[PDB]
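Undergrad: This structure is in structure tokens; I'll ask about it shortly.
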Amino acid sequence: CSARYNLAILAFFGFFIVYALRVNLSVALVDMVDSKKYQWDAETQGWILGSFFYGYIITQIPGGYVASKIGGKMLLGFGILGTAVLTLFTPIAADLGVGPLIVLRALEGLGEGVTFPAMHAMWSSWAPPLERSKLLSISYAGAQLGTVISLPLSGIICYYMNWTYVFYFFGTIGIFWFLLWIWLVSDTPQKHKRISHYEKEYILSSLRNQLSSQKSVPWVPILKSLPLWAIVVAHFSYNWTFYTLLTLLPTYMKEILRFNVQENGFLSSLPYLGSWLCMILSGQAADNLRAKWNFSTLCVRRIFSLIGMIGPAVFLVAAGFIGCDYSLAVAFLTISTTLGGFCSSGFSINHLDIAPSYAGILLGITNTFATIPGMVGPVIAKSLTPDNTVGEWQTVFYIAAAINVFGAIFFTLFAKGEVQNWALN
Ligand SMILES: CC(C)C[C@H](NC(=O)OCC1c2ccccc2-c2ccccc21)C(=O)O
């Protein structure tokens with residue numbers, strides 16, 4: 001197809017391999033622990049699952065600066081390559097000990113956390129303003145589809161074969177994809193070796209009216225404004241529940257619901273598939289709402305954020321109420337994750353609604369602060385649930401629901417959407 005849609009497809013596969021390499025461990029740890037198996041304790045498993053988010057936190061904002069400086073192509077390609085090779089060496093790191101695996105996961109976090117800003121730095125030069133929505137949607141849906149596919153796929157490989165083949169498969173697939181990314185993609189349409197003249201003129205002429213402003217991202221602004229911290233804490237509360245689910249759901253099904261590894265992998269993707277299919281309709285629902293009602297822009301934000309952050313909390317509480325039920329617990333979990341889909345138009349769009357031309361930096365700040373739950377939630381949750389502890393699983397579900405409620409309340413108490421009065425260049 002066209003050059004920019006080729007970039008969109010290759011970005012889709014890139015993010016598919018990013019989230020895969022992120023999530024394959026959450027399924028591999030189900031079989032990698034003893035009742036080749038290792039005698040890892042509950043606290044160790046939490047650290048091993050959470051070590052990735054240390055690197056993801058560390059390399060986020062410097063990754064954005066480097067992407068702005070030297071561009072997206074090489075930076076993202078090398079991030080993916082340095083995640084794939086570390087995944088390939090993870091099985092031998094498991095034999096060397098717990099410490100080697102933790103440092104492997106930390107280095108994977110450092111490699112992988114630069115991917116998102118490197119992609120935004122490419123779409124700052126590739127996506128025309130009229131068409132940015134479709135391109136960003138196609139590019140970023142790769143992450144969600146990556147989780148949705150890599151859960152059952154990891155389960156299938158981990159059941160039919162040993163768990164090491166999961167890591168080998170994803171590592172070799174990452175290397176193979178890098179062999180395409182280094183070749184078909186370029187930093188900027190002027191630097192593209194094969195783009196047609198008319199497409200290049202279209203992209204440049206459409207981006208001219210924005211790049212002619214010459215005032216985008218001139219400094220690190222004074223981010224004292226409370227409306228930024230309200231959306232930051234909303235993102236924190238959302239990511240807390242999302243990552244607590246992502247890093248524990250296969251473990252939860254193995255430990256409480258007692259599903260087989262294959263069935264565990266199949267069922268673990270249902271909540272995220274539901275979340276994807278709800279998020280994709282959420283934009284159309286928001287358009288339908290905007291088409292009729294005289295609501296202010298803040299109104300749709302607050303209603304959608306409340307729905308998408310409260311529904312998951314109440315349904316996670318409900319899943320706590322009838323835990324150990326092989327049929328109803330998974331239904332409540334998938335309903336929770338599906339209701340979580342409204343959060344995009346609830347608060348994720350607010351990042352660029354309250355401050356255009358600063359979205360790439362403000363969203364990076366918010367994502368740096370909101371990946372603290374990736375480091376905190378998994379380890380404390382695994383510490384709180386030592387062996388079976390249906391009561392402690394209820395306890396962690398209550399903790400996640402309370403965090404969601406706090407985030408929704410704080411966001412709705414301080415959400416603004418016009419202008420921060422300093423972002424107006
Ligand atoms: C609102 C849409 C366009 C954004 C969405 N992006 C996405 O990557 O979701 C994955 C999940 C998430 C959901 C909502 C807000 C933040 C996050 C996030 C951050 C880090 C890792 C995973 C996630 C899309 O375009 O489909």
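Just remember, in the structure tokens the first chain shown is A, the second B, etc., residues are 1-based per chain, and ligands are 1-based in the order shown.
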Do a neighbour search on residue A:208 at 12 Å with only C-alpha atoms, toss out local chain neighbours closer than 2 positions, and write the hits as a PDB file with N, CA, C and O atoms, in the first residue's frame.
TA:
```
ATOM      1  N   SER A 124       4.993  12.230  14.479  1.00  0.00           N
ATOM      2  CA  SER A 124       5.086  13.682  14.416  1.00  0.00           C
ATOM      3  C   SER A 124       5.518  14.170  13.039  1.00  0.00           C
ATOM      4  O   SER A 124       5.352  15.354  12.734  1.00  0.00           O
ATOM      5  N   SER A 125       6.075  13.286  12.206  1.00  0.00           N
ATOM      6  CA  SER A 125       6.542  13.651  10.878  1.00  0.00           C
ATOM      7  C   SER A 125       5.892  12.864   9.751  1.00  0.00           C
ATOM      8  O   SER A 125       6.036  13.260   8.590  1.00  0.00           O
ATOM      9  N   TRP A 126       5.197  11.768  10.049  1.00  0.00           N
ATOM     10  CA  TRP A 126       4.588  10.935   9.018  1.00  0.00           C
ATOM     11  C   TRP A 126       3.084  11.117   8.878  1.00  0.00           C
ATOM     12  O   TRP A 126       2.559  10.961   7.773  1.00  0.00           O
ATOM     13  N   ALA A 127       2.374  11.434   9.960  1.00  0.00           N
ATOM     14  CA  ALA A 127       0.919  11.407   9.943  1.00  0.00           C
ATOM     15  C   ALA A 127       0.365  12.784   9.622  1.00  0.00           C
ATOM     16  O   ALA A 127       0.652  13.742  10.355  1.00  0.00           O
ATOM     17  N   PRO A 128      -0.410  12.936   8.554  1.00  0.00           N
ATOM     18  CA  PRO A 128      -1.088  14.208   8.297  1.00  0.00           C
ATOM     19  C   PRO A 128      -2.175  14.458   9.328  1.00  0.00           C
ATOM     20  O   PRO A 128      -2.798  13.510   9.823  1.00  0.00           O
ATOM     21  N   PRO A 129      -2.432  15.720   9.674  1.00  0.00           N
ATOM     22  CA  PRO A 129      -3.393  16.008  10.753  1.00  0.00           C
ATOM     23  C   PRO A 129      -4.797  15.487  10.503  1.00  0.00           C
ATOM     24  O   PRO A 129      -5.474  15.094  11.462  1.00  0.00           O
ATOM     25  N   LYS A 200       4.535  12.133  -0.832  1.00  0.00           N
ATOM     26  CA  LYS A 200       5.452  12.985  -0.085  1.00  0.00           C
ATOM     27  C   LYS A 200       4.964  14.426  -0.065  1.00  0.00           C
ATOM     28  O   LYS A 200       4.995  15.087   0.981  1.00  0.00           O
ATOM     29  N   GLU A 201       4.492  14.925  -1.210  1.00  0.00           N
ATOM     30  CA  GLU A 201       3.958  16.280  -1.246  1.00  0.00           C
ATOM     31  C   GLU A 201       2.704  16.411  -0.394  1.00  0.00           C
ATOM     32  O   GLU A 201       2.532  17.422   0.289  1.00  0.00           O
ATOM     33  N   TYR A 202       1.834  15.399  -0.403  1.00  0.00           N
ATOM     34  CA  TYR A 202       0.648  15.436   0.447  1.00  0.00           C
ATOM     35  C   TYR A 202       1.030  15.538   1.917  1.00  0.00           C
ATOM     36  O   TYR A 202       0.530  16.408   2.642  1.00  0.00           O
ATOM     37  N   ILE A 203       1.932  14.665   2.371  1.00  0.00           N
ATOM     38  CA  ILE A 203       2.311  14.656   3.782  1.00  0.00           C
ATOM     39  C   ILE A 203       2.959  15.978   4.172  1.00  0.00           C
ATOM     40  O   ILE A 203       2.612  16.583   5.196  1.00  0.00           O
ATOM     41  N   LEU A 204       3.910  16.451   3.359  1.00  0.00           N
ATOM     42  CA  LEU A 204       4.619  17.680   3.705  1.00  0.00           C
ATOM     43  C   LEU A 204       3.688  18.887   3.688  1.00  0.00           C
ATOM     44  O   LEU A 204       3.751  19.734   4.586  1.00  0.00           O
ATOM     45  N   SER A 205       2.799  18.974   2.694  1.00  0.00           N
ATOM     46  CA  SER A 205       1.884  20.105   2.626  1.00  0.00           C
ATOM     47  C   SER A 205       0.876  20.083   3.763  1.00  0.00           C
ATOM     48  O   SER A 205       0.487  21.145   4.260  1.00  0.00           O
ATOM     49  N   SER A 206       0.441  18.897   4.192  1.00  0.00           N
ATOM     50  CA  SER A 206      -0.511  18.836   5.294  1.00  0.00           C
ATOM     51  C   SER A 206       0.149  19.129   6.636  1.00  0.00           C
ATOM     52  O   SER A 206      -0.490  19.716   7.515  1.00  0.00           O
ATOM     53  N   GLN A 210       1.205  23.011  10.607  1.00  0.00           N
ATOM     54  CA  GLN A 210       1.533  22.793  12.010  1.00  0.00           C
ATOM     55  C   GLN A 210       3.007  23.056  12.296  1.00  0.00           C
ATOM     56  O   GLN A 210       3.341  23.707  13.291  1.00  0.00           O
ATOM     57  N   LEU A 211       3.902  22.566  11.434  1.00  0.00           N
ATOM     58  CA  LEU A 211       5.327  22.735  11.697  1.00  0.00           C
ATOM     59  C   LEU A 211       5.785  24.171  11.467  1.00  0.00           C
ATOM     60  O   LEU A 211       6.887  24.539  11.888  1.00  0.00           O
ATOM     61  N   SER A 212       4.969  24.993  10.803  1.00  0.00           N
ATOM     62  CA  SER A 212       5.300  26.402  10.627  1.00  0.00           C
ATOM     63  C   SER A 212       5.097  27.226  11.892  1.00  0.00           C
ATOM     64  O   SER A 212       5.501  28.394  11.912  1.00  0.00           O
ATOM     65  N   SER A 213       4.476  26.662  12.931  1.00  0.00           N
ATOM     66  CA  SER A 213       4.300  27.402  14.177  1.00  0.00           C
ATOM     67  C   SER A 213       5.637  27.726  14.827  1.00  0.00           C
ATOM     68  O   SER A 213       5.811  28.820  15.377  1.00  0.00           O
ATOM     69  N   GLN A 214       6.584  26.788  14.785  1.00  0.00           N
ATOM     70  CA  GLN A 214       7.946  26.971  15.283  1.00  0.00           C
ATOM     71  C   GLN A 214       7.987  27.289  16.775  1.00  0.00           C
ATOM     72  O   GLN A 214       8.907  27.967  17.244  1.00  0.00           O
TER      73      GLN A 214
END
```
Undergrad: Name each residue within 10 Å of ligand 1, counting only C-alpha atoms and all ligand atoms, as a ChimeraX atom specification.
TA: /A:15,18-19,22,56,113,116,133-145,147,234-236,238-239,242-243,246,272,275-276,279-280,282-283,340-350,363,366-368,370-371,374
Undergrad: Write out as CSV the residues of stretch 15-42 of chain A that have any atom within 10 Å of an atom of stretch 89-98 of chain A, one row each with the nearest atom pair and its distance in Å to one decimal, counting only C-alpha atoms, sorted by chain and then rising number.
TA:
```
residue,atom,partner,partner_atom,distance
A:25,CA,A:90,CA,9.9
A:32,CA,A:94,CA,9.4
A:36,CA,A:95,CA,9.6
A:38,CA,A:94,CA,8.9
A:40,CA,A:98,CA,8.3
```
Undergrad: Residues as selected, N, CA, C and O atoms, written as a short mmCIF file (atom, residue, chain, number, x, y, z; two decimals), in the first residue's frame, can you do that?
TA:
```cif
data_model
loop_
_atom_site.label_atom_id
_atom_site.label_comp_id
_atom_site.auth_asym_id
_atom_site.auth_seq_id
_atom_site.Cartn_x
_atom_site.Cartn_y
_atom_site.Cartn_z
N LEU A 25 6.06 -13.65 29.78
CA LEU A 25 6.52 -14.11 31.09
C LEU A 25 5.36 -14.37 32.04
O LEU A 25 5.44 -15.28 32.87
N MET A 32 6.82 -22.34 34.99
CA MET A 32 8.24 -22.33 35.33
C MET A 32 8.50 -22.51 36.82
O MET A 32 9.66 -22.69 37.21
N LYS A 36 11.52 -28.32 33.13
CA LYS A 36 12.37 -27.89 34.23
C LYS A 36 11.64 -26.89 35.12
O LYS A 36 11.09 -25.89 34.63
N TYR A 38 11.56 -24.60 38.97
CA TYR A 38 12.37 -23.93 39.97
C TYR A 38 11.55 -23.67 41.22
O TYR A 38 10.33 -23.44 41.15
N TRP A 40 10.98 -21.20 43.31
CA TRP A 40 10.86 -19.78 43.62
C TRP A 40 9.71 -19.51 44.58
O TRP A 40 8.62 -20.06 44.43
#
```
Undergrad: Would you please work out which residue, of A:87, A:6, A:420, A:209, is nearest to residue A:226 when using only C-alpha atoms?
TA: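 The closest residue to residue A:226 is A:420.
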Undergrad: Can you list, as a tab-separated table (two decimals) with N, CA and C atoms, in the first residue's frame, every protein, DNA or RNA residue that comes within 12 Å of residue A:54 when you count only C-alpha atoms, leaving out same-chain residues fewer than 4 positions away?
TA:
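Result file out-v7.tsv:
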```tsv
chain	number	residue	atom	x	y	z
A	47	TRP	N	8.87	-9.88	42.38
A	47	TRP	CA	10.00	-9.11	41.88
A	47	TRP	C	10.30	-9.46	40.42
A	48	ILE	N	10.24	-10.75	40.08
A	48	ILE	CA	10.56	-11.17	38.72
A	48	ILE	C	9.53	-10.61	37.74
A	49	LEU	N	8.25	-10.63	38.11
A	49	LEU	CA	7.22	-10.07	37.23
A	49	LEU	C	7.36	-8.56	37.11
A	50	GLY	N	7.75	-7.88	38.20
A	50	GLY	CA	7.76	-6.43	38.20
A	50	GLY	C	9.06	-5.79	37.75
A	58	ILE	N	12.59	3.96	33.97
A	58	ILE	CA	13.86	4.66	33.85
A	58	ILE	C	14.02	5.28	32.47
A	59	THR	N	13.70	4.52	31.42
A	59	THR	CA	14.06	4.95	30.07
A	59	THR	C	12.96	5.71	29.33
A	60	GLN	N	11.88	6.10	30.01
A	60	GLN	CA	10.74	6.69	29.31
A	60	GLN	C	11.07	8.08	28.76
A	102	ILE	N	16.20	-11.36	37.07
A	102	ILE	CA	15.75	-10.01	37.42
A	102	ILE	C	16.49	-8.96	36.61
A	103	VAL	N	17.81	-9.13	36.44
A	103	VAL	CA	18.56	-8.15	35.67
A	103	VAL	C	18.20	-8.24	34.19
A	104	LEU	N	17.90	-9.45	33.69
A	104	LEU	CA	17.42	-9.58	32.32
A	104	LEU	C	16.11	-8.83	32.12
A	105	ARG	N	15.19	-8.96	33.08
A	105	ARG	CA	13.92	-8.24	32.95
A	105	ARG	C	14.11	-6.74	33.08
A	106	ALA	N	15.02	-6.29	33.94
A	106	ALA	CA	15.29	-4.86	34.05
A	106	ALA	C	15.87	-4.31	32.75
A	107	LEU	N	16.79	-5.05	32.14
A	107	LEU	CA	17.35	-4.62	30.86
A	107	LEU	C	16.30	-4.67	29.75
A	108	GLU	N	15.39	-5.65	29.79
A	108	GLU	CA	14.27	-5.65	28.86
A	108	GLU	C	13.41	-4.42	29.03
A	109	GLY	N	13.16	-4.01	30.27
A	109	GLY	CA	12.42	-2.78	30.50
A	109	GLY	C	13.13	-1.56	29.94
A	110	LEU	N	14.44	-1.48	30.16
A	110	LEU	CA	15.21	-0.37	29.61
A	110	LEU	C	15.14	-0.34	28.09
A	111	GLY	N	15.25	-1.51	27.45
A	111	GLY	CA	15.17	-1.56	26.00
A	111	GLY	C	13.80	-1.20	25.47
A	112	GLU	N	12.75	-1.70	26.13
A	112	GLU	CA	11.41	-1.63	25.55
A	112	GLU	C	10.71	-0.32	25.86
A	113	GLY	N	11.05	0.33	26.98
A	113	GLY	CA	10.34	1.54	27.36
A	113	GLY	C	10.52	2.70	26.41
A	368	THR	N	5.24	8.16	32.66
A	368	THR	CA	6.35	7.89	33.56
A	368	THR	C	5.86	7.75	34.99
A	369	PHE	N	4.96	8.63	35.41
A	369	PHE	CA	4.45	8.54	36.78
A	369	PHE	C	3.47	7.38	36.96
A	371	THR	N	3.46	4.41	35.54
A	371	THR	CA	4.04	3.07	35.52
A	371	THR	C	4.67	2.69	36.85
A	372	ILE	N	4.59	3.57	37.85
A	372	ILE	CA	4.89	3.22	39.24
A	372	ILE	C	4.03	2.04	39.67
A	373	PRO	N	2.73	1.99	39.33
A	373	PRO	CA	1.95	0.79	39.65
A	373	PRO	C	2.53	-0.49	39.08
A	374	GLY	N	3.16	-0.45	37.91
A	374	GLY	CA	3.80	-1.64	37.40
A	374	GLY	C	4.88	-2.16	38.32
A	375	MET	N	5.58	-1.26	39.02
A	375	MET	CA	6.61	-1.67	39.96
A	375	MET	C	6.04	-2.02	41.33
A	376	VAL	N	4.91	-1.44	41.71
A	376	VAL	CA	4.37	-1.58	43.06
A	376	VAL	C	3.32	-2.68	43.16
```
Undergrad: Counting only C-alpha atoms, what is within 9 Å of residue A:267, bar same-chain residues fewer than 2 positions away, as a ChimeraX atom specification?
TA: /A:151-152,250,253,259,262-265,269-271,330
Undergrad: Write the residues you've just listed into a file as a PDB file, in the first residue's frame, and include N, CA, C and O atoms for each of them.
TA:
```
ATOM      1  N   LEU A 151      -1.268 -14.261  24.823  1.00  0.00           N
ATOM      2  CA  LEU A 151      -1.688 -15.084  25.961  1.00  0.00           C
ATOM      3  C   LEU A 151      -2.049 -16.501  25.521  1.00  0.00           C
ATOM      4  O   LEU A 151      -1.398 -17.459  25.985  1.00  0.00           O
ATOM      5  N   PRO A 152      -3.040 -16.723  24.642  1.00  0.00           N
ATOM      6  CA  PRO A 152      -3.338 -18.106  24.236  1.00  0.00           C
ATOM      7  C   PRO A 152      -2.191 -18.783  23.511  1.00  0.00           C
ATOM      8  O   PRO A 152      -2.000 -19.994  23.660  1.00  0.00           O
ATOM      9  N   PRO A 250      -3.142 -15.029  34.600  1.00  0.00           N
ATOM     10  CA  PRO A 250      -2.841 -16.460  34.423  1.00  0.00           C
ATOM     11  C   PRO A 250      -2.498 -17.154  35.726  1.00  0.00           C
ATOM     12  O   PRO A 250      -2.936 -18.292  35.956  1.00  0.00           O
ATOM     13  N   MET A 253      -5.815 -17.762  37.548  1.00  0.00           N
ATOM     14  CA  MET A 253      -6.556 -18.904  37.024  1.00  0.00           C
ATOM     15  C   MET A 253      -5.891 -20.226  37.383  1.00  0.00           C
ATOM     16  O   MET A 253      -6.586 -21.222  37.610  1.00  0.00           O
ATOM     17  N   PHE A 259      -7.462 -23.826  36.156  1.00  0.00           N
ATOM     18  CA  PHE A 259      -7.515 -24.149  34.737  1.00  0.00           C
ATOM     19  C   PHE A 259      -6.181 -24.704  34.249  1.00  0.00           C
ATOM     20  O   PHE A 259      -5.112 -24.368  34.764  1.00  0.00           O
ATOM     21  N   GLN A 262      -3.270 -24.608  28.810  1.00  0.00           N
ATOM     22  CA  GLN A 262      -3.874 -24.239  27.532  1.00  0.00           C
ATOM     23  C   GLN A 262      -5.165 -23.456  27.742  1.00  0.00           C
ATOM     24  O   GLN A 262      -5.363 -22.388  27.145  1.00  0.00           O
ATOM     25  N   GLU A 263      -6.055 -23.971  28.592  1.00  0.00           N
ATOM     26  CA  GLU A 263      -7.297 -23.263  28.878  1.00  0.00           C
ATOM     27  C   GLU A 263      -7.036 -21.961  29.621  1.00  0.00           C
ATOM     28  O   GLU A 263      -7.759 -20.980  29.414  1.00  0.00           O
ATOM     29  N   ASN A 264      -6.013 -21.928  30.477  1.00  0.00           N
ATOM     30  CA  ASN A 264      -5.636 -20.682  31.138  1.00  0.00           C
ATOM     31  C   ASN A 264      -5.241 -19.638  30.102  1.00  0.00           C
ATOM     32  O   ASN A 264      -5.707 -18.492  30.144  1.00  0.00           O
ATOM     33  N   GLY A 265      -4.393 -20.024  29.148  1.00  0.00           N
ATOM     34  CA  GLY A 265      -3.989 -19.095  28.107  1.00  0.00           C
ATOM     35  C   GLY A 265      -5.153 -18.618  27.261  1.00  0.00           C
ATOM     36  O   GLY A 265      -5.252 -17.432  26.937  1.00  0.00           O
ATOM     37  N   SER A 269      -7.089 -14.265  27.563  1.00  0.00           N
ATOM     38  CA  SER A 269      -7.162 -13.248  26.520  1.00  0.00           C
ATOM     39  C   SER A 269      -8.556 -12.655  26.381  1.00  0.00           C
ATOM     40  O   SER A 269      -8.708 -11.579  25.794  1.00  0.00           O
ATOM     41  N   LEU A 270      -9.577 -13.339  26.894  1.00  0.00           N
ATOM     42  CA  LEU A 270     -10.943 -12.844  26.747  1.00  0.00           C
ATOM     43  C   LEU A 270     -11.155 -11.454  27.339  1.00  0.00           C
ATOM     44  O   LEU A 270     -11.779 -10.618  26.659  1.00  0.00           O
ATOM     45  N   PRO A 271     -10.701 -11.136  28.559  1.00  0.00           N
ATOM     46  CA  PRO A 271     -10.899  -9.766  29.060  1.00  0.00           C
ATOM     47  C   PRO A 271     -10.269  -8.698  28.184  1.00  0.00           C
ATOM     48  O   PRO A 271     -10.879  -7.642  27.974  1.00  0.00           O
ATOM     49  N   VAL A 330     -14.569 -15.579  35.815  1.00  0.00           N
ATOM     50  CA  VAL A 330     -14.011 -15.130  34.543  1.00  0.00           C
ATOM     51  C   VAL A 330     -14.974 -14.185  33.838  1.00  0.00           C
ATOM     52  O   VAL A 330     -14.545 -13.228  33.179  1.00  0.00           O
TER      53      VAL A 330
END
```
Undergrad: Once DSSP has gone over the backbone, tell me which residues of stretch 158-380 of chain A are in helix (DSSP H, G or I), as an MDAnalysis selection string.
TA: chainID A and resid 158:160 164:184 189:191 197:211 226:246 249:257 261:268 270:292 297:321 328:348 350:353 359:370 372:380
Undergrad: What's around residue A:356 at 10 Å? Count only C-alpha atoms, leave out sequence neighbours fewer than 2 positions away in its own chain, and write the answer as a short mmCIF file (atom, residue, chain, number, x, y, z; two decimals) with C-alpha atoms, in the first residue's frame.
TA:
```cif
data_model
loop_
_atom_site.label_atom_id
_atom_site.label_comp_id
_atom_site.auth_asym_id
_atom_site.auth_seq_id
_atom_site.Cartn_x
_atom_site.Cartn_y
_atom_site.Cartn_z
CA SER A 216 6.29 23.35 19.79
CA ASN A 350 -7.70 14.57 27.76
CA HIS A 351 -3.88 14.50 27.52
CA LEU A 352 -4.07 16.25 24.13
CA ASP A 353 -7.42 17.96 24.71
CA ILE A 354 -6.12 20.21 27.50
CA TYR A 358 2.40 19.40 24.25
CA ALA A 359 0.75 15.96 24.17
CA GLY A 360 3.99 14.16 23.32
CA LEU A 362 2.72 15.74 28.92
CA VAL A 419 -6.50 25.42 28.16
CA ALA A 423 0.25 25.80 26.80
CA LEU A 424 -1.17 28.60 24.60
CA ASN A 425 1.95 29.35 22.56
#
```
Undergrad: For residue A:394, find every residue with an atom within 12 Å (counting only C-alpha atoms), except residues of its own chain fewer than 2 positions away, and show them as JSON, numbers by chain.
TA: {"A": [252, 256, 316, 317, 318, 319, 320, 321, 322, 323, 324, 329, 381, 384, 385, 388, 389, 390, 391, 392, 396, 397, 398, 399, 400, 401]}
Undergrad: Output C-alpha atoms for every residue in the selection just made, as a PDB file, in the first residue's frame.
TA:
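Below is the file result.pdb, written as the result:
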```pdb
ATOM      1  CA  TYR A 252      -4.931 -16.368  39.352  1.00  0.00           C
ATOM      2  CA  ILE A 256      -7.701 -20.412  42.271  1.00  0.00           C
ATOM      3  CA  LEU A 316     -13.610  -6.794  40.278  1.00  0.00           C
ATOM      4  CA  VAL A 317     -15.329  -6.627  43.674  1.00  0.00           C
ATOM      5  CA  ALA A 318     -18.054  -8.895  42.284  1.00  0.00           C
ATOM      6  CA  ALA A 319     -15.390 -11.311  41.028  1.00  0.00           C
ATOM      7  CA  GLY A 320     -13.992 -11.282  44.556  1.00  0.00           C
ATOM      8  CA  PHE A 321     -17.436 -12.124  45.948  1.00  0.00           C
ATOM      9  CA  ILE A 322     -17.857 -15.407  44.013  1.00  0.00           C
ATOM     10  CA  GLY A 323     -14.227 -16.347  43.490  1.00  0.00           C
ATOM     11  CA  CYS A 324     -13.331 -19.996  42.817  1.00  0.00           C
ATOM     12  CA  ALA A 329     -15.375 -15.262  38.096  1.00  0.00           C
ATOM     13  CA  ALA A 381      -0.143  -8.323  45.414  1.00  0.00           C
ATOM     14  CA  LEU A 384      -0.249 -10.556  50.034  1.00  0.00           C
ATOM     15  CA  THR A 385      -1.354 -13.875  48.438  1.00  0.00           C
ATOM     16  CA  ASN A 388      -4.140 -20.153  48.147  1.00  0.00           C
ATOM     17  CA  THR A 389      -5.594 -17.323  50.240  1.00  0.00           C
ATOM     18  CA  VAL A 390      -8.951 -16.683  48.569  1.00  0.00           C
ATOM     19  CA  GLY A 391      -9.438 -14.063  51.274  1.00  0.00           C
ATOM     20  CA  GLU A 392      -6.189 -12.323  50.355  1.00  0.00           C
ATOM     21  CA  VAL A 396      -6.015  -7.358  46.612  1.00  0.00           C
ATOM     22  CA  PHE A 397      -9.171  -7.059  44.500  1.00  0.00           C
ATOM     23  CA  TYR A 398     -10.553  -4.632  47.098  1.00  0.00           C
ATOM     24  CA  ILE A 399      -7.261  -2.719  46.990  1.00  0.00           C
ATOM     25  CA  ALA A 400      -7.458  -2.379  43.204  1.00  0.00           C
ATOM     26  CA  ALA A 401     -11.118  -1.335  43.351  1.00  0.00           C
TER      27      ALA A 401
END
```
Undergrad: Check the smallest atom-to-atom distance from each of A:302, A:315, A:80, A:194 to residue A:173 using only C-alpha atoms, then report the winner.
TA: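 Nearest to residue A:173: A:80.
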Undergrad: List as a PyMOL selection string the protein and nucleic acid residues near residue A:251, meaning an atom at most 9 Å away when only C-alpha atoms are counted, but skip any in the same chain fewer than 6 places from it.
TA: chain A and resi 26-27+29-30+264
Undergrad: Could you write those residues out with C-alpha atoms, as a tab-separated table (two decimals), in the first residue's frame?
TA:
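The resulting out-v3.tsv:
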```
chain	number	residue	atom	x	y	z
A	26	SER	CA	3.15	-13.77	32.84
A	27	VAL	CA	2.15	-17.11	31.29
A	29	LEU	CA	5.83	-18.20	35.15
A	30	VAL	CA	2.74	-20.38	35.63
A	264	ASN	CA	-5.64	-20.68	31.14
```
Undergrad: Taking only C-alpha atoms into account, name the residue in A:174, A:55, A:99, A:189 that is nearest to residue A:4.
TA: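 Comparing A:174, A:55, A:99, A:189 against residue A:4, the winner is A:189.
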Undergrad: I need the residue nearest residue A:361 from this list: A:228, A:88, A:148, A:20. Use only C-alpha atoms for the distance.
TA: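 Result for the nearest residue to residue A:361: A:228.
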Undergrad: For atom CA of residue A:403 and atom CA of residue A:254, quote the distance in Å rounded to one decimal.
TA: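 About the pair atom CA of residue A:403 and atom CA of residue A:254: they are 25.2 Å apart.
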